[PDB]
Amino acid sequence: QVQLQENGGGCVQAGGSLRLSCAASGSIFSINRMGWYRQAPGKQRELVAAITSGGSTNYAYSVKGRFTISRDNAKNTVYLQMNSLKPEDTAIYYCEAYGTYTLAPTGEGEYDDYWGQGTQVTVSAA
């Protein structure tokens, strides 16, 4: 079934930039929404950004104007351009493939949400 490959995590200076990416693979016809969530140490998972097939975008207030989500519908890939990174952005970032429609030529398929394993983003104040 569906595998999510996340990439682009690491350690940067405050004021720096990263680009997270997440490719979904499998017998994928479509994905309703691709999204980035983050969980800082001992804190609740929150929505960072999400984009429908359609291109309707949705950002957490704390990242509006700093972060840009974009999607390649044909490659089932989502991107998060992170600029002007701050210490408070330090967290494990997860991708969500919401409303993933998979199907075989036999006509058997599934509609499910899938999550990646998570990628560490660390922003140093220095």
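Note that residue numbering follows the sequence shown and begins at 1.
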{"query": "40-48 set against 80-88, stretch whose average Cα temperature factor tops the other in the entry", "finding": "40-48"}
{"query": "Given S25, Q13, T106, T102, the residue at which the Cα B factor reaches its maximum", "finding": "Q13"}
{"query": "Third assignment of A74 from its chain's C-alpha B-factors", "finding": "highest"}
{"query": "Assigned third (lowest, middle, highest) for the C-alpha B factor of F29", "finding": "lowest"}
{"query": "Chain thirds of CA B-factor: placement of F67", "finding": "lowest"}
{"query": "Ranked C-alpha temperature factor of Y59 among modelled chain residues, by third", "finding": "middle"}
